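Right, one structure below, let's go through it.
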Amino acid sequence: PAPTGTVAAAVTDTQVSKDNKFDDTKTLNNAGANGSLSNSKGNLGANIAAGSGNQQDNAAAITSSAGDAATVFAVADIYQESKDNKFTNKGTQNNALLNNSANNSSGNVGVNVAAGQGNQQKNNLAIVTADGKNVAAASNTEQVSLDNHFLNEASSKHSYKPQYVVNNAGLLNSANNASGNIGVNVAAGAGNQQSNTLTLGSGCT
Amino acid sequence: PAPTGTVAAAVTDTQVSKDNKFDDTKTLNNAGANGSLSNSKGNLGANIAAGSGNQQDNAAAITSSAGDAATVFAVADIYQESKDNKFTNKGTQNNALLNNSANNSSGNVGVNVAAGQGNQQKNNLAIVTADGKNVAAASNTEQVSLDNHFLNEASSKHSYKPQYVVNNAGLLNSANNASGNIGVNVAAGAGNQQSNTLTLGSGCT
Amino acid sequence: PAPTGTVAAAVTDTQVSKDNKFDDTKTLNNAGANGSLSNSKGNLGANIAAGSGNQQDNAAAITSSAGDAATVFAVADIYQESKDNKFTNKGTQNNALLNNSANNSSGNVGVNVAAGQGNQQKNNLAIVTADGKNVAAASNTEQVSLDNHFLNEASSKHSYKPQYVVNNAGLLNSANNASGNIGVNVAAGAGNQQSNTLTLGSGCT
Amino acid sequence: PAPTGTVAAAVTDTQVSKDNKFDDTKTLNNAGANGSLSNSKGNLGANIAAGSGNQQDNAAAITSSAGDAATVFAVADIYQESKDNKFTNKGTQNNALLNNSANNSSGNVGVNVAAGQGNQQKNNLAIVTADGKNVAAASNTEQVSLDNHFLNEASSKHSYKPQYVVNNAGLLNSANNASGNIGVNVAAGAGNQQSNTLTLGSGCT
Amino acid sequence: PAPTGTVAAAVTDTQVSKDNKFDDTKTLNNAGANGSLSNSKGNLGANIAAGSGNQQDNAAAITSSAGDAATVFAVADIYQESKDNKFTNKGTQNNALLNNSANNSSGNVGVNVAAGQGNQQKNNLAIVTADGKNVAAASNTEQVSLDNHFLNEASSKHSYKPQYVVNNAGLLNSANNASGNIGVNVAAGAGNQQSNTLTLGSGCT
């Protein structure tokens, strides 16, 4: 038979991971994770991980605005694996913002970013000014993961003023006034695998 | 017979998972999960998980506004699996908002986001400006899951002021003034599988 | 059969790594990591690592502005590996900014930069003024990693004024008003592998 | 078969290294490392290492401005290796700037520069005024490294005024208003390997 | 077979070295190392070493300005080796500038210069006025090195005014408004190997 095998364009990702804890212990936290994509015009993957043993794949393809326009053809592929223990603080006062993402953005974004260990990733993005054949894709993803807990923990001796903690926590608002394709997908804790694909056209006259 | 097998376009997801608890222990919580999709114009999947051992698939295809218009064709596929123990806090005071989603959004959104561990996902989205052949889809999904409890737990010694807890909990309002196709599907607790597909056209003159 | 083997153009990276801790101990920190890509027009990989045992690959290809335009063809390849222990401070007061990246940039950027040890990398970038065949790519990546924790730690004797710490922490905002393809992917802690590819055209008349 | 072996043009670098610490001890530091590439027009590799056991390779090829234009063809190759202990200060007051790089530069730059020991490197650069065939490259890199920590450390006897330290730290901002291809990749600490390639054309009329 | 062996034109350098310390002890330093290449038009290698056991190779080939133009062909080769102990001061007050390099230069420069011992080097440079075949090169470099630390150290008896030190330190800024190919590569500390090649043409009408 004919050498048709070059027709095997797309498989997004495949992965394994296994692990325990994200934590924190004493006095001040002005502290919180992410929040995503307000007023943006395009394709956005927000992927974030506070915690360890991390892997991800993202793909994204765009038409941005209206006018004279061109051709588009995109492809992506990976496999990746990890195993891990913890994320932890003791006793730092924390003016500690973990990473708010991609407001008023245009085109393609992978915000794919971490605090933690044993990190791997694959990022892949494309803009055109294109109209006509718009949305085509094929075959996509596979995955596995095995694990425990997001957590805060604290203990101390019976001093005159024991157990002193002060803390304040945002986690993950999404997509307000967004236009396009928005994938927000974030974790807190270990053992993270994520897969994505996005395809678009929009404008005005 | 003819090589017709390329006609096998669509199967959404298949999965297994099994696991125990989402919890919390001492003093302040100003704290609550999500809430969804007020005044939005499009296709939205809200998927959220506080708790571990997580997997999801989302697909979404759109026509947004009225005017000159184009062709649409979308496809998606995955299988994925996980197993896990807990989500937990001890003794953090919590200004702790878990993630309110996708109000005043347009086009396509997957808000697919977690606090917890052993995470896998596949996200897939598409806008066109398109009118004519609108809604077609085929064959779709398969699933399994096996588990225990969402939970709050607390105990302490007989001190002068024992058992001190203060807490406040929103869970999941949906779709107020929304137009389009809205899938809101969220969990609190472990062992999460979710599947989705959405297809649309709307506007005014 | 014919000597077709020169058709083997692309594989992005493959890697292994395994390791423990990013930390810090006594008195002042005015200190924080990165933040990325505001108002930029192009292809940007932000890769940053505070912590050790580091490896990365980046590729990026661009069309910048509109006018008379030319041909584009880019290729990249590596394998690399590392293993490590820690990142740590004791007792320095710290006016200590770790590296904010690539605002108001144009064309291609790899900001690929570290504080820590056992460092390897491969960077690869290209601009053209090009219109026509825009987005093509093939076959891409492989990866592995195995590890522990981001961490702050502190202990001291019972002096008249014990446990003196003062600290303030930014981590990683992304992509505000950006146009083009933005990959932001940063770590804090050891054991870092990252892979990227970006492809574009945009302008105005 | 024919003597085709001269077609073996490109392999960028291959390396090994393994090592411990960058540090500092008593009284004044007005002190900080690098910062990179503001307003530059071209191909820049910033490679810097405070710390020992160092190796690097850089390649870079350019078109600068628009007008009558010529042909381009570039090639590079190395292997290199090192092993080391430390970087350290005791008790110098320090008006100590480590090396800010390549602002308002044009053409090609390798800023490849160190403070520390067992140093090896290979630098390679080329400008043309060229338009037509722009971006071609092939086969690229290999690497390994194995190590410990960036660090500040301090101890002293119980004098009338013990533990006197004063210090102030910039590390590595990048690419502001840059045009072209920018690789910024710097380390602090020992055991450094880095690899790079860049290719371009830009101008105005 | 034919006597083709004369086709073996290029190998840049190969080397070994191993060693300990750069230091300094008591009272005044108005003192600092190098800084490089502001407003220059050409090919520059800055190589500098405060510290011992030194070896280097540089090659550089140029087209300078536009007009009637000629042919170019350059070649270079060496191997060299060294082993050493220290660089050190005690008690000199120091109006001590170590060597700022090659600002407003044209054509080719090797600034290749030291303070320290067991010194070897090879320098090689060429200008033409040439246009046409511009950038060709082949096969390049090999290297090894093994070592310890850059360092300041000080101790003294308990006199009425002990530990008197006063010091001020520039290290290595690069390439501001430079045009051409700039390799800046400098060390402080022992055990130094460096390799370079540069190729160019630029002008105006």
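Labels used: A, B, ... for chains in the order of the structure tokens, numbers from 1 for residues in each chain, and numbers from 1 for ligands as shown.
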What are the residues of chain D lining chain E at 6 Å or less? Count only C-alpha atoms, and put the answer as a ChimeraX atom specification.
/D:73-75,77-90,93-128
Residue set, range 36-78 of chain B restricted to strand (DSSP E), as a tab-separated table (two decimals) with N, CA and C atoms, in the first residue's frame:
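Final file, result-v6.tsv:
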```tsv
chain	number	residue	atom	x	y	z
B	41	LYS	N	-22.80	35.53	26.63
B	41	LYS	CA	-23.32	35.31	25.26
B	41	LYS	C	-22.47	34.28	24.51
B	42	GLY	N	-22.75	32.98	24.69
B	42	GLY	CA	-21.96	31.94	24.02
B	42	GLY	C	-22.07	30.54	24.62
B	43	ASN	N	-20.98	29.78	24.52
B	43	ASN	CA	-20.86	28.40	24.96
B	43	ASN	C	-19.90	28.36	26.13
B	44	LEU	N	-20.35	27.90	27.27
B	44	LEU	CA	-19.52	27.90	28.46
B	44	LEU	C	-19.64	26.56	29.14
B	45	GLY	N	-18.50	25.96	29.43
B	45	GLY	CA	-18.37	24.86	30.36
B	45	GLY	C	-17.71	25.38	31.61
B	46	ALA	N	-18.40	25.41	32.73
B	46	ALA	CA	-17.77	25.61	34.03
B	46	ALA	C	-17.56	24.26	34.69
B	47	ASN	N	-16.32	23.85	34.88
B	47	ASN	CA	-15.87	22.65	35.56
B	47	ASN	C	-14.87	23.06	36.66
B	48	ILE	N	-15.14	22.70	37.90
B	48	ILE	CA	-14.34	23.12	39.04
B	48	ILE	C	-14.29	21.96	40.02
B	49	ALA	N	-13.18	21.81	40.73
B	49	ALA	CA	-13.01	20.73	41.68
B	49	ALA	C	-12.12	21.15	42.85
B	50	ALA	N	-12.73	21.35	44.01
B	50	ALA	CA	-11.98	21.40	45.26
B	50	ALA	C	-11.95	19.99	45.85
B	57	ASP	N	-13.05	16.35	30.11
B	57	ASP	CA	-13.02	16.76	28.69
B	57	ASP	C	-14.13	17.79	28.38
B	58	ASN	N	-13.80	18.85	27.65
B	58	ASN	CA	-14.76	19.83	27.14
B	58	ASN	C	-14.53	20.11	25.66
B	59	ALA	N	-15.62	20.24	24.91
B	59	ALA	CA	-15.65	20.73	23.54
B	59	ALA	C	-16.71	21.83	23.40
B	60	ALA	N	-16.49	22.82	22.53
B	60	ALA	CA	-17.45	23.91	22.34
B	60	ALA	C	-17.29	24.62	21.00
B	61	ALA	N	-18.38	24.84	20.26
B	61	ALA	CA	-18.38	25.45	18.92
B	61	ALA	C	-19.45	26.56	18.77
B	62	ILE	N	-19.10	27.72	18.23
B	62	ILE	CA	-19.92	28.94	18.32
B	62	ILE	C	-20.10	29.69	17.01
B	63	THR	N	-21.30	30.23	16.82
B	63	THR	CA	-21.55	31.43	16.02
B	63	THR	C	-21.87	32.62	16.94
B	78	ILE	N	-10.34	11.94	23.93
B	78	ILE	CA	-9.37	11.53	25.00
B	78	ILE	C	-9.77	10.25	25.79
```
Produce the least-squares-superposed copy of chain A, fitted on chain D over all in-order C-alpha pairs, as a PDB file with C-alpha atoms, in the first residue's frame.
```pdb
ATOM      1  CA  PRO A   1      28.626   5.675  -2.257  1.00  0.00           C
ATOM      2  CA  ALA A   2      29.512   9.326  -3.044  1.00  0.00           C
ATOM      3  CA  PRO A   3      31.681  11.464  -0.611  1.00  0.00           C
ATOM      4  CA  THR A   4      28.578  13.308   0.746  1.00  0.00           C
ATOM      5  CA  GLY A   5      30.064  13.562   4.308  1.00  0.00           C
ATOM      6  CA  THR A   6      30.946  17.293   3.877  1.00  0.00           C
ATOM      7  CA  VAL A   7      27.140  17.848   4.338  1.00  0.00           C
ATOM      8  CA  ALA A   8      27.821  17.424   8.119  1.00  0.00           C
ATOM      9  CA  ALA A   9      27.898  21.186   8.886  1.00  0.00           C
ATOM     10  CA  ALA A  10      26.303  21.787  12.321  1.00  0.00           C
ATOM     11  CA  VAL A  11      26.419  20.569  15.938  1.00  0.00           C
ATOM     12  CA  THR A  12      26.399  23.426  18.493  1.00  0.00           C
ATOM     13  CA  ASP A  13      27.988  22.085  21.731  1.00  0.00           C
ATOM     14  CA  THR A  14      28.365  19.138  24.230  1.00  0.00           C
ATOM     15  CA  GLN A  15      29.514  19.376  27.880  1.00  0.00           C
ATOM     16  CA  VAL A  16      29.692  18.056  31.538  1.00  0.00           C
ATOM     17  CA  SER A  17      30.164  19.902  34.929  1.00  0.00           C
ATOM     18  CA  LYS A  18      29.731  19.482  38.805  1.00  0.00           C
ATOM     19  CA  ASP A  19      30.162  21.863  41.837  1.00  0.00           C
ATOM     20  CA  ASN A  20      28.900  23.800  45.017  1.00  0.00           C
ATOM     21  CA  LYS A  21      28.438  27.631  45.895  1.00  0.00           C
ATOM     22  CA  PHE A  22      28.168  31.514  45.172  1.00  0.00           C
ATOM     23  CA  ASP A  23      28.410  33.559  48.445  1.00  0.00           C
ATOM     24  CA  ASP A  24      28.982  36.634  50.439  1.00  0.00           C
ATOM     25  CA  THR A  25      29.882  37.649  54.247  1.00  0.00           C
ATOM     26  CA  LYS A  26      30.277  41.128  56.055  1.00  0.00           C
ATOM     27  CA  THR A  27      29.331  44.906  55.871  1.00  0.00           C
ATOM     28  CA  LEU A  28      28.555  46.879  52.646  1.00  0.00           C
ATOM     29  CA  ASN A  29      27.277  45.720  49.240  1.00  0.00           C
ATOM     30  CA  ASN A  30      25.973  48.171  46.686  1.00  0.00           C
ATOM     31  CA  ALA A  31      25.943  45.061  44.376  1.00  0.00           C
ATOM     32  CA  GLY A  32      24.022  43.216  41.618  1.00  0.00           C
ATOM     33  CA  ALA A  33      24.260  41.136  38.478  1.00  0.00           C
ATOM     34  CA  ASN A  34      23.674  42.179  34.872  1.00  0.00           C
ATOM     35  CA  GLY A  35      20.356  43.256  33.232  1.00  0.00           C
ATOM     36  CA  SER A  36      19.938  43.072  29.469  1.00  0.00           C
ATOM     37  CA  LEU A  37      19.323  44.391  25.996  1.00  0.00           C
ATOM     38  CA  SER A  38      17.064  47.535  26.200  1.00  0.00           C
ATOM     39  CA  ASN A  39      16.317  49.277  22.782  1.00  0.00           C
ATOM     40  CA  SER A  40      18.692  46.890  20.831  1.00  0.00           C
ATOM     41  CA  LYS A  41      18.269  46.052  17.066  1.00  0.00           C
ATOM     42  CA  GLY A  42      19.717  42.593  16.250  1.00  0.00           C
ATOM     43  CA  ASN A  43      20.840  39.202  17.617  1.00  0.00           C
ATOM     44  CA  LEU A  44      22.077  39.127  21.190  1.00  0.00           C
ATOM     45  CA  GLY A  45      23.217  36.338  23.462  1.00  0.00           C
ATOM     46  CA  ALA A  46      23.687  37.514  27.035  1.00  0.00           C
ATOM     47  CA  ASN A  47      25.582  34.784  28.954  1.00  0.00           C
ATOM     48  CA  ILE A  48      26.991  35.672  32.401  1.00  0.00           C
ATOM     49  CA  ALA A  49      28.276  33.613  35.330  1.00  0.00           C
ATOM     50  CA  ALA A  50      29.180  34.708  38.836  1.00  0.00           C
ATOM     51  CA  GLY A  51      30.524  31.346  40.068  1.00  0.00           C
ATOM     52  CA  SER A  52      32.979  28.781  38.662  1.00  0.00           C
ATOM     53  CA  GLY A  53      33.385  25.723  36.341  1.00  0.00           C
ATOM     54  CA  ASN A  54      32.090  27.496  33.214  1.00  0.00           C
ATOM     55  CA  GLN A  55      31.535  26.601  29.508  1.00  0.00           C
ATOM     56  CA  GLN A  56      29.387  28.152  26.686  1.00  0.00           C
ATOM     57  CA  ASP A  57      28.739  28.208  22.883  1.00  0.00           C
ATOM     58  CA  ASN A  58      27.009  31.051  20.938  1.00  0.00           C
ATOM     59  CA  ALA A  59      26.217  31.520  17.238  1.00  0.00           C
ATOM     60  CA  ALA A  60      24.408  34.507  15.633  1.00  0.00           C
ATOM     61  CA  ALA A  61      23.565  35.643  12.036  1.00  0.00           C
ATOM     62  CA  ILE A  62      21.990  39.012  10.992  1.00  0.00           C
ATOM     63  CA  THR A  63      20.396  41.197   8.382  1.00  0.00           C
ATOM     64  CA  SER A  64      20.564  44.870   9.604  1.00  0.00           C
ATOM     65  CA  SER A  65      18.522  47.696   7.879  1.00  0.00           C
ATOM     66  CA  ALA A  66      16.954  47.752   4.345  1.00  0.00           C
ATOM     67  CA  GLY A  67      18.496  48.533   0.894  1.00  0.00           C
ATOM     68  CA  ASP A  68      20.716  46.710  -1.662  1.00  0.00           C
ATOM     69  CA  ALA A  69      21.534  43.258  -0.181  1.00  0.00           C
ATOM     70  CA  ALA A  70      23.837  40.178  -0.319  1.00  0.00           C
ATOM     71  CA  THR A  71      24.280  36.396   0.456  1.00  0.00           C
ATOM     72  CA  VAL A  72      24.723  34.672   3.912  1.00  0.00           C
ATOM     73  CA  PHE A  73      26.081  31.266   5.089  1.00  0.00           C
ATOM     74  CA  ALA A  74      27.297  30.548   8.689  1.00  0.00           C
ATOM     75  CA  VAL A  75      28.515  27.390  10.605  1.00  0.00           C
ATOM     76  CA  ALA A  76      29.793  26.630  14.223  1.00  0.00           C
ATOM     77  CA  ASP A  77      30.951  23.578  16.430  1.00  0.00           C
ATOM     78  CA  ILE A  78      32.584  22.670  19.916  1.00  0.00           C
ATOM     79  CA  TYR A  79      32.858  20.191  22.854  1.00  0.00           C
ATOM     80  CA  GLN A  80      34.133  21.359  26.337  1.00  0.00           C
ATOM     81  CA  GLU A  81      34.130  20.278  30.109  1.00  0.00           C
ATOM     82  CA  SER A  82      34.809  21.541  33.727  1.00  0.00           C
ATOM     83  CA  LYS A  83      34.517  20.821  37.541  1.00  0.00           C
ATOM     84  CA  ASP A  84      34.765  23.309  40.493  1.00  0.00           C
ATOM     85  CA  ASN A  85      34.137  24.455  44.115  1.00  0.00           C
ATOM     86  CA  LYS A  86      33.018  28.123  44.901  1.00  0.00           C
ATOM     87  CA  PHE A  87      32.707  31.933  44.477  1.00  0.00           C
ATOM     88  CA  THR A  88      33.083  33.951  47.797  1.00  0.00           C
ATOM     89  CA  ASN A  89      33.581  37.368  49.552  1.00  0.00           C
ATOM     90  CA  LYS A  90      34.684  38.175  53.116  1.00  0.00           C
ATOM     91  CA  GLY A  91      34.419  41.712  54.467  1.00  0.00           C
ATOM     92  CA  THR A  92      35.044  43.961  51.425  1.00  0.00           C
ATOM     93  CA  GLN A  93      32.688  46.887  51.297  1.00  0.00           C
ATOM     94  CA  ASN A  94      31.444  46.608  47.710  1.00  0.00           C
ATOM     95  CA  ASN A  95      30.529  49.278  45.214  1.00  0.00           C
ATOM     96  CA  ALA A  96      30.377  46.048  43.092  1.00  0.00           C
ATOM     97  CA  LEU A  97      28.414  46.085  39.808  1.00  0.00           C
ATOM     98  CA  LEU A  98      28.586  42.774  37.928  1.00  0.00           C
ATOM     99  CA  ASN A  99      28.296  43.726  34.250  1.00  0.00           C
ATOM    100  CA  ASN A 100      25.004  45.224  32.772  1.00  0.00           C
ATOM    101  CA  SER A 101      24.729  44.162  29.061  1.00  0.00           C
ATOM    102  CA  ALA A 102      24.219  45.361  25.513  1.00  0.00           C
ATOM    103  CA  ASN A 103      21.611  48.170  25.585  1.00  0.00           C
ATOM    104  CA  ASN A 104      21.130  50.190  22.317  1.00  0.00           C
ATOM    105  CA  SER A 105      23.305  47.559  20.495  1.00  0.00           C
ATOM    106  CA  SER A 106      23.018  46.691  16.783  1.00  0.00           C
ATOM    107  CA  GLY A 107      24.097  43.636  14.772  1.00  0.00           C
ATOM    108  CA  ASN A 108      25.436  40.675  16.800  1.00  0.00           C
ATOM    109  CA  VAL A 109      26.565  40.471  20.416  1.00  0.00           C
ATOM    110  CA  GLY A 110      27.813  37.670  22.575  1.00  0.00           C
ATOM    111  CA  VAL A 111      28.168  39.109  26.049  1.00  0.00           C
ATOM    112  CA  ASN A 112      29.663  35.997  27.540  1.00  0.00           C
ATOM    113  CA  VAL A 113      31.477  37.003  30.798  1.00  0.00           C
ATOM    114  CA  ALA A 114      32.278  35.789  34.304  1.00  0.00           C
ATOM    115  CA  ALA A 115      33.619  36.226  37.832  1.00  0.00           C
ATOM    116  CA  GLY A 116      34.904  32.802  38.921  1.00  0.00           C
ATOM    117  CA  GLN A 117      37.236  30.059  37.696  1.00  0.00           C
ATOM    118  CA  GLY A 118      37.937  27.135  35.336  1.00  0.00           C
ATOM    119  CA  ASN A 119      36.560  29.077  32.401  1.00  0.00           C
ATOM    120  CA  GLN A 120      36.191  27.862  28.770  1.00  0.00           C
ATOM    121  CA  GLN A 121      34.034  29.334  25.947  1.00  0.00           C
ATOM    122  CA  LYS A 122      33.351  29.520  22.172  1.00  0.00           C
ATOM    123  CA  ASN A 123      31.859  32.712  20.626  1.00  0.00           C
ATOM    124  CA  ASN A 124      30.756  33.031  16.912  1.00  0.00           C
ATOM    125  CA  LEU A 125      28.989  35.982  15.165  1.00  0.00           C
ATOM    126  CA  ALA A 126      28.050  37.385  11.704  1.00  0.00           C
ATOM    127  CA  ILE A 127      26.339  40.500  10.116  1.00  0.00           C
ATOM    128  CA  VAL A 128      25.323  40.922   6.505  1.00  0.00           C
ATOM    129  CA  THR A 129      23.037  43.328   4.685  1.00  0.00           C
ATOM    130  CA  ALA A 130      20.986  40.391   3.182  1.00  0.00           C
ATOM    131  CA  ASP A 131      17.421  39.741   1.862  1.00  0.00           C
ATOM    132  CA  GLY A 132      15.946  36.588   0.233  1.00  0.00           C
ATOM    133  CA  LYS A 133      16.783  33.169   1.859  1.00  0.00           C
ATOM    134  CA  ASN A 134      16.767  34.167   5.544  1.00  0.00           C
ATOM    135  CA  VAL A 135      16.355  31.573   8.388  1.00  0.00           C
ATOM    136  CA  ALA A 136      17.854  28.085   7.580  1.00  0.00           C
ATOM    137  CA  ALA A 137      19.574  25.929  10.332  1.00  0.00           C
ATOM    138  CA  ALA A 138      20.121  22.163  11.230  1.00  0.00           C
ATOM    139  CA  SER A 139      20.787  19.466  13.990  1.00  0.00           C
ATOM    140  CA  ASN A 140      21.970  21.723  16.928  1.00  0.00           C
ATOM    141  CA  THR A 141      22.892  20.643  20.574  1.00  0.00           C
ATOM    142  CA  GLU A 142      23.682  18.042  23.410  1.00  0.00           C
ATOM    143  CA  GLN A 143      24.395  18.646  27.267  1.00  0.00           C
ATOM    144  CA  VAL A 144      24.825  17.374  30.993  1.00  0.00           C
ATOM    145  CA  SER A 145      25.393  19.101  34.545  1.00  0.00           C
ATOM    146  CA  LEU A 146      25.360  18.079  38.398  1.00  0.00           C
ATOM    147  CA  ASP A 147      25.499  20.467  41.442  1.00  0.00           C
ATOM    148  CA  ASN A 148      24.345  22.455  44.673  1.00  0.00           C
ATOM    149  CA  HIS A 149      23.451  26.155  45.574  1.00  0.00           C
ATOM    150  CA  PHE A 150      23.442  29.915  45.161  1.00  0.00           C
ATOM    151  CA  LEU A 151      23.969  31.185  48.824  1.00  0.00           C
ATOM    152  CA  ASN A 152      24.604  34.006  51.352  1.00  0.00           C
ATOM    153  CA  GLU A 153      26.202  33.002  54.671  1.00  0.00           C
ATOM    154  CA  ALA A 154      27.286  34.882  57.868  1.00  0.00           C
ATOM    155  CA  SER A 155      28.326  34.211  61.533  1.00  0.00           C
ATOM    156  CA  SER A 156      30.343  36.160  64.206  1.00  0.00           C
ATOM    157  CA  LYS A 157      31.265  36.334  67.951  1.00  0.00           C
ATOM    158  CA  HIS A 158      28.983  38.218  70.443  1.00  0.00           C
ATOM    159  CA  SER A 159      30.739  41.645  70.238  1.00  0.00           C
ATOM    160  CA  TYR A 160      29.024  44.981  71.221  1.00  0.00           C
ATOM    161  CA  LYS A 161      27.700  45.319  67.582  1.00  0.00           C
ATOM    162  CA  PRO A 162      27.647  41.761  66.047  1.00  0.00           C
ATOM    163  CA  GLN A 163      26.520  40.492  62.580  1.00  0.00           C
ATOM    164  CA  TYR A 164      26.969  43.836  60.701  1.00  0.00           C
ATOM    165  CA  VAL A 165      25.769  43.408  57.043  1.00  0.00           C
ATOM    166  CA  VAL A 166      24.315  45.960  54.515  1.00  0.00           C
ATOM    167  CA  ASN A 167      23.380  44.723  50.974  1.00  0.00           C
ATOM    168  CA  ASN A 168      21.435  45.566  47.738  1.00  0.00           C
ATOM    169  CA  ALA A 169      20.830  43.099  44.743  1.00  0.00           C
ATOM    170  CA  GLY A 170      19.639  43.482  41.094  1.00  0.00           C
ATOM    171  CA  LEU A 171      19.384  40.253  39.063  1.00  0.00           C
ATOM    172  CA  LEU A 172      18.607  40.190  35.321  1.00  0.00           C
ATOM    173  CA  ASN A 173      15.780  42.347  33.751  1.00  0.00           C
ATOM    174  CA  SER A 174      15.424  41.680  29.922  1.00  0.00           C
ATOM    175  CA  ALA A 175      14.574  42.861  26.389  1.00  0.00           C
ATOM    176  CA  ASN A 176      12.659  46.212  26.874  1.00  0.00           C
ATOM    177  CA  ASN A 177      11.829  47.756  23.397  1.00  0.00           C
ATOM    178  CA  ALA A 178      14.217  45.191  21.810  1.00  0.00           C
ATOM    179  CA  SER A 179      13.847  44.266  18.118  1.00  0.00           C
ATOM    180  CA  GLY A 180      15.423  41.188  16.580  1.00  0.00           C
ATOM    181  CA  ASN A 181      16.250  37.927  18.378  1.00  0.00           C
ATOM    182  CA  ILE A 182      17.148  38.135  22.042  1.00  0.00           C
ATOM    183  CA  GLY A 183      18.511  35.240  24.071  1.00  0.00           C
ATOM    184  CA  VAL A 184      19.142  36.297  27.653  1.00  0.00           C
ATOM    185  CA  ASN A 185      20.520  33.435  29.707  1.00  0.00           C
ATOM    186  CA  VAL A 186      22.527  34.053  32.879  1.00  0.00           C
ATOM    187  CA  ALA A 187      23.445  32.185  36.036  1.00  0.00           C
ATOM    188  CA  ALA A 188      24.599  32.937  39.554  1.00  0.00           C
ATOM    189  CA  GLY A 189      26.318  29.930  41.128  1.00  0.00           C
ATOM    190  CA  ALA A 190      28.649  27.306  39.626  1.00  0.00           C
ATOM    191  CA  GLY A 191      28.414  24.579  36.898  1.00  0.00           C
ATOM    192  CA  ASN A 192      27.377  26.522  33.799  1.00  0.00           C
ATOM    193  CA  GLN A 193      26.716  25.245  30.244  1.00  0.00           C
ATOM    194  CA  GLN A 194      24.790  27.378  27.639  1.00  0.00           C
ATOM    195  CA  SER A 195      23.927  26.999  23.869  1.00  0.00           C
ATOM    196  CA  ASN A 196      22.406  29.529  21.402  1.00  0.00           C
ATOM    197  CA  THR A 197      21.590  30.381  17.708  1.00  0.00           C
ATOM    198  CA  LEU A 198      19.797  33.428  16.239  1.00  0.00           C
ATOM    199  CA  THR A 199      18.765  34.503  12.650  1.00  0.00           C
ATOM    200  CA  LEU A 200      17.141  37.741  11.347  1.00  0.00           C
ATOM    201  CA  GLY A 201      16.123  40.504   8.950  1.00  0.00           C
ATOM    202  CA  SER A 202      14.468  43.912   9.730  1.00  0.00           C
ATOM    203  CA  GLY A 203      14.368  47.576   8.555  1.00  0.00           C
ATOM    204  CA  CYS A 204      12.269  50.558   7.380  1.00  0.00           C
ATOM    205  CA  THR A 205      11.904  52.855   4.306  1.00  0.00           C
TER     206      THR A 205
END
```
- [ ] Give me every helix (DSSP H, G or I) residue in chain D, going by DSSP on the backbone, as a PyMOL selection string.
- [x] chain D and resi 4-7
Residues as selected, C-alpha atoms, written as a PDB file, in the first residue's frame, can you do that?
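Final output, again_14.pdb:
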```
ATOM      1  CA  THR D   4      28.578  13.309   0.747  1.00  0.00           C
ATOM      2  CA  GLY D   5      30.064  13.562   4.308  1.00  0.00           C
ATOM      3  CA  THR D   6      30.947  17.293   3.877  1.00  0.00           C
ATOM      4  CA  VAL D   7      27.141  17.848   4.339  1.00  0.00           C
TER       5      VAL D   7
END
```
